Amino acid sequence: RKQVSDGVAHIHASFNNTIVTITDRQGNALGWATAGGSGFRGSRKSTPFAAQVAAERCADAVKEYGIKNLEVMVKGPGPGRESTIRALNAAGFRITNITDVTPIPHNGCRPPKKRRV
Amino acid sequence: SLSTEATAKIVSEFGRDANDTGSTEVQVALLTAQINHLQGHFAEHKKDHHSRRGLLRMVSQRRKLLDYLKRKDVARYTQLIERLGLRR
Amino acid sequence: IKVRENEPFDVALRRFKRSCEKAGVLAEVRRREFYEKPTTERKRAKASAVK
Amino acid sequence: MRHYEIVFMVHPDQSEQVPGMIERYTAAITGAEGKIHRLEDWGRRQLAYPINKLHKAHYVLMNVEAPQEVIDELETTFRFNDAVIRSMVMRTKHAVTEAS
Amino acid sequence: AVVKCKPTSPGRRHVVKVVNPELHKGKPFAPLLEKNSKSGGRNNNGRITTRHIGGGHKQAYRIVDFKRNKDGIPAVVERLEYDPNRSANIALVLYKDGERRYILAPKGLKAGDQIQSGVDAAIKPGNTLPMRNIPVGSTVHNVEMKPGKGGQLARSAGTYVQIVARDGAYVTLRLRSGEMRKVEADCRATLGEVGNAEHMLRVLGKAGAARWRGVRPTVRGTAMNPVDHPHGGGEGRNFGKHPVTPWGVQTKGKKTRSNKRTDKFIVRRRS
Amino acid sequence: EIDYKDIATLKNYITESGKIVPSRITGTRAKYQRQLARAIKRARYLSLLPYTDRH
RNA sequence: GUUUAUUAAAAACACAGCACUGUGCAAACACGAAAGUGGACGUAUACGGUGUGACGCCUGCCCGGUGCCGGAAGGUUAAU
RNA sequence: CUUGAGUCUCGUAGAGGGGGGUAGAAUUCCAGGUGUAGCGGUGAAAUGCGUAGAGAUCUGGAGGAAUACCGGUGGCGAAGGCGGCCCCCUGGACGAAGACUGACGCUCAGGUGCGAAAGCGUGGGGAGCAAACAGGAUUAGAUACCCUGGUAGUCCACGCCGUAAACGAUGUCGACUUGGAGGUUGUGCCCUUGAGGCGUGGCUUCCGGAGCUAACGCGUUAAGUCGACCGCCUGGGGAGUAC
RNA sequence: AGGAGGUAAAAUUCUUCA
C-alpha cells in the first residue's frame, strides 16, 4: 500500500518513555513505535537505549512505504533525545532536516508543586 | 499638571505682577486650581489612591498657607477666600 | 536550534543547544515557581562571583 | 496636540483601497487643523510570521501631529475596518523625516 | 439591576428584586398581541396531566419572531419590553420597511441599534443567519434544528449555545446543558447571548410570590397515604420505599430517554 | 540602536534564535542597553523582528 | 396562611430556600387500545419527580444487602 | 532679611498608580483527516484512560490566566507593594540657572485614609494549579510525604476584613564626620576630532576607618556623634487570652 | 579556565540524679 519517499520523524522523548512516529510530508502518521511498547518497563524504558531500539521498531514497520528520506522534529527533553535520531540514520534513512519543537510557553499555565522527596 | 498657560494667567491676577508667583495669594490660587481640576479627575476611576494623597497634600498645603496669610495680614485673607471661593 | 549540515559528514555536531535552550531555560521553569526566592539565590551566587 | 507614529498594514487584497485610506485619514486630520510631516508607503512587504493566514502584507508608515482626540477615535476606524490587519501608534518626541 | 429589600416584614426580608431601568413602562404593542388563555394543567379531557399548575396572574402573549426571515432589511431597536410568557426580554425592532417584530433582546442590545438577518448580515449580536456562514466558536443563542422551523435552542434568559464543529452540511452545538448535539448548518441562528441573566438571581421571598406566577403548592409522597402515593403514608415520618413517582416509576438516576431517532444527532451526553 | 526602524542595527544585537543579547557580550552601554531592548520589543510587535527562530 | 363542612385548627400540611435526579423537543411524564391533547404555543436562568424546610454555624464514618448508573472474558439461556 | 521650607521656566529617566484595548506561545477542552494497542505514571507499580478509537501526529476553533527571552545586589514608591506591547488620565522625584514669597517649618495623642495573602457578602467566570473530599500505594499503624482525580479558592466588578517574619526585626526630619571598588540617572568644559578626556549633583550596592557594642556587626543611607517629637517595653508562661 | 545540564527514595525511639 502506498509508496512515499519523503516523510517526517516526530519523536517525543520524556523522563519516562520515548515515542517515535514516522509520518509523511502531510502529517498523517504512517507508523509508530514506543520504547515501552518494545518492552522495558519503568526505568528500563527511561534510558537512551530504549529509544534506540524504539526507532528501529518504528523503522521496521514504515519501510513498507519505501521511505528514503525524512525530516526529524524533536520534542521533549529527557533520555533518548539524541540516541533516537542516531538510530534512524544507521537504519538506512536519508536524514535531511532536524528541528526542535519542544513546547515552550511564554510563562502561562501554573506548573505542579508536589515533589518533596 | 496645570498647563503653563493657566499658571502664568493666575499669577497675573493675584500678585502685583509677573514673576511674582511666589506670593501667598498666587500659590493658594494655583493650588486650588488643580484641586478643582483633579476634583473631576477623582470623580472618575475613584480607585486612584496613590494620586489621591497628592491631591490631599495640595490641599493640606494651601491650608497651612491660609493660616499664615490669615496670621499676618487678615485683609489679604478675606479678599482671598471670597474671591477664590472656598472655606464656606 | 536548527542545523543544515553540508555533505561530508553524518555526525550530529549540534552542540548549539548546549549554549541556549536545551535546559538552560527549561529546567528553570520546570519545578517550583520560586517568585521572590530567586533574588536570594542570585544574590548568593553573585556574592561568589567576586572571588 | 502631540505626535503619533502610526504604522498599520492593509490586507494584500485591499491594496487598491489603501491609496484612498491615506486620503480620508489625512483629511480628517487636516480638518481639525492637524498636521503631517511624513507619509511613507513601503507597499506589499514580506511578513515575519503567518499573521491571520496569508503571507506578506501591505505596510503604510505614517507621522502626524494631531491632538489626543482625533487620534483616539482613529483606532476605532481601524478595528472596524476588517481590511487593515494590525495597527500601532507610538510615542511623540517631536517629528522626524525620511529614514526607514 | 438587583435589589435586596429590607426586613420591613416577614416574607419580605428574603426578597431580591431584579428590575431593569432600560425596560419600557406601559402597554405593549397591540398589533402583536393575542388572547392566550390559561389552561390550568388540564388537557381536553379536563384531567390534570401536569401537576402544580394553577392560579397565577393574568398574562398576554407577545408575537415574537424566531425565524427571522426579513433578510437584507435593516432594523432599529425601538425599545425593550417585558415578556411574561418567557423568562427573557423582547425587543420591539423597527425595520426600514415599517414592519415591527419581537425578538429575544440579546445581552449587548440597546435602543437604537442596527440589526439584520441574512447570509450577509454582519457577525454581531442581534443578527440572524445560517450557521453555514457563522464562524466556528461564535457564541450563538436561539438556534434552530431545522432550516425553516425556528429558534428552539437556548431561548431562556442567560442561556446560550456555542458552535464548535462543522463537517459536511452539519455543525455540532454545545448546548448550555453541556451536551453537543449535531444540527445541519442550513439552520439559522442569532449571534450573541440571550436576554438578561439576573433571572437566576431571584429568590422570590415568600410563598405567595410563587402563586401569582402559575405555580401551586407541592405535596410530598411521604406526607400522602399509600392509596394515593406509592411512598405510603407511614405512622410518624416513615419511608422504607424507593424514590419513585406517584405512578410507580424509579427516580434519582433512573433515566427515561427513549428516542433512537435523534440519537444520531448526538455526540456526547451532558455531565 | 537609537530607534526600532533601524533594524539594520538591531539585527546584530540579537542571537540567531531572536533572544536579546546581553550587554556582557555586546559590551553596549547602560542607558543604551534598555533603549536597544525597548527598540527590539517595538520591532517584534510590528513583525520586524521574529520572536523566535521557529518561524 | 391551610386542614378532618358537622367532637381534633395542633408540634400536622403548605411555605419561600436549598439539594439530588430525570428531560435536547414529536422532551420526560400524564390522560387514552387509537387519534389527539395536556405538559408549552415553553426550550436547561425551562420543566417534571423526590427530599428537606427562613436564617446562622455545618452536614461525618460505611458500598456488604437491597436498588440505580456502566463495563465485561467466560458460563447458562426463549421464540425460531 | 534669606541659608530652612515652597512656587515658577525648560528638560530628563522610570515593572509608580488607575482605566480601556491588543499580541504570541503553551496547556486544557472540543472537531475533522490519518493511524492502532497501548497511553499515562512512579523509586518500583497501581488507580485512571483506550476497540463509542486514546496517546502520538496534522489542521482549525473556543476559553482562562499568566507575560519566556529582555531581566541584572537594575529601576520606582512612604510602606505594603510593583514586570509583554500601545493609547488616554495622573502623582511624585531629580537636574541646569535665575527670579519670587519670606519661617508660610518639623513632628504630632485623637482621628482619618491606604493597606499582600487568606477569608467573607452579592454575581459572573473558571485552562492550569490546588485545602477539604474520593480512589490507589507506603507502613507495625499513615486521617501524612508519593500517584491518579478534584470543590472552595486563585481571576473579574462592588462592598467588607485592616490581619503578617506588614523587617533593613533599625520611626521621621535636620546638621556634622577619613576613604576604596561598581551600578544607575542629569549636567558644564575640551583639537566633540578615540569608542572618550577633565569635574560637579540625586539615588543605590559591597567592603572597609575612627568610633560605637556584650558579641555578632553596623559603619557618610548609622545601631556613630547630637537635636525635636510620637509610639512602646519593666522576667517567662499565662496571653496577644479573659471582662 | 568560565558557563550549563545531570547526579541522594523511605528508615523511629533510647528513664532520672551526678
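Structural data are supplied above this passage.
To start, this report covers the structure provided alongside it. (Residues numbered from 1 in each chain as written, not as in the entry; some residues may be left out. Chains lettered and ligands numbered in written order. Part of a larger assembly, values for the part shown. Heavy atoms only, no water.)

## A look at the sheet that holds strand β1 (residues 6-13) of chain A
Residues and elements named next belong to chain A. Spelled out, the test is: Note on pairing: two strands pair once DSSP finds at least 2 bridges between them. Helix and strand assignments follow DSSP, with helices taken as H or I runs no shorter than four residues and strands as E runs no shorter than two, numbered in order from the N terminus. Here an angle of 0 to 180 degrees is reported between the N-to-C directions of two axes, which are lines fitted to C-alpha atoms, with helices fitted over the stretch in contact.
In space, the five strands of this open sheet follow the order β3-β2-β1-β4-β5, with mixed pairing throughout. Sheet topology places β3 (31-34) and β5 (94-100) at the edges, where each strand pairs with a single neighbour. Strand-to-strand, the axes of this sheet are offset by a mean angle of 20°, without reference to chain direction. As paired elements, strand β2 (residues 18-24) and β3 share four bridges and run antiparallel to each other. In the strand pairing of β3, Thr-21 is matched with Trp-32.

## Quick word on the environment of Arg-31 of chain C
Quick reminder of the rule: The buried label goes to any residue with under 20% of its type's maximum accessible area, the exposed label to any with over 50%, and the partly exposed label to all in between, with areas taken from a 1.4 Å probe on protein chains only. Any two residues having at least one pair of non-hydrogen atoms within 4.5 Å are treated as being in contact.
Here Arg-31 of chain C lies in the segment before α1 (37-46). Classification of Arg-31 of chain C as partly exposed rests on a relative accessible area of 42%. Expressed as a C-alpha distance, the spacing of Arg-31 of chain C and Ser-19 of chain C, which sit twelve residues apart in the sequence, is 21 Å. Excluding anything up to four places from it in sequence, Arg-31 of chain C contacts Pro-111, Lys-113 and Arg-115 of chain A.

## Structural notes on the protein's contact with RNA strand G
Residue and element names in this part refer to chain E. As a reminder, the rule being used: Near is defined per residue: the residue qualifies when any heavy atom it owns lies within 4 Å of the molecule or strand. What qualifies as a polar contact is a pair of N or O atoms within 3.5 Å, subject to a donor-acceptor requirement within protein and to the restriction that residues adjacent in sequence count only when both atoms come from side chains. Residues are grouped as follows: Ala, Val, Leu, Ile, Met, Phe, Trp, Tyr, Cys and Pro are nonpolar; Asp, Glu, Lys and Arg are charged; every other residue, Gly included, is polar.
Taken together, 71 residues surround RNA strand G, and among them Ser-39, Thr-49, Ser-156, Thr-218 and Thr-256 come closest. What you see for RNA strand G is that sugar and phosphate hold 73% of its atoms within 4 Å of the protein. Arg-47 places a side-chain nitrogen or oxygen 3.3 Å from a sugar or linking oxygen of RNA strand G. For RNA strand G, a base nitrogen lies 2.9 Å from a polar atom in the side chain of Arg-261. Of the residues belonging to the surface near RNA strand G, the class tally is 19 nonpolar, 31 polar and 21 charged.

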